[PDB]
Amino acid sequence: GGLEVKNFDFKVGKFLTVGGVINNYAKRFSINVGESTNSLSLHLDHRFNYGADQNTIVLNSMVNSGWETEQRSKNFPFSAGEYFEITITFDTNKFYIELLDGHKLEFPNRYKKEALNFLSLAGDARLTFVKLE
């Protein structure tokens, strides 16, 4: 399942923008890009309240076997019940992430991916649109 959009070649130099609305109540929501649900180059988890993580972004990658080493950021422009928008692009070394308030993040391209074929949102939000150009 999940819509296969043929034209969307999310490769080095392309910019992926996702937009949506965070649930009225929210602990966290994530943007995930990689090969599949369990094989991710970038997991971008925006945690309003998840364990010791309050208004913290957690970044990580995943392999079938499990999660890798987390990175954290306190840049947190999001609020429950509000519009979110995120743009992601990458080269062979890094992912470059821009949040709607102009905050910017970076994350290693650990598996040296040149193209990504899978996107999801998970957690307490809904995905409205996917833009690629």
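Don't overthink the numbering: it's just position in the shown sequence, from 1.
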Subject >> Lowest, middle or highest third - CA B-factor, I86 >> reply: lowest
Subject >> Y25 - which third its CA temperature factor falls in, relative to the rest of the chain >> reply: highest
Subject >> Third of chain Cα B-factors occupied by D53 >> reply: middle
Subject >> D45, C-alpha B-factor rank within chain (lowest, middle or highest third) >> reply: lowest
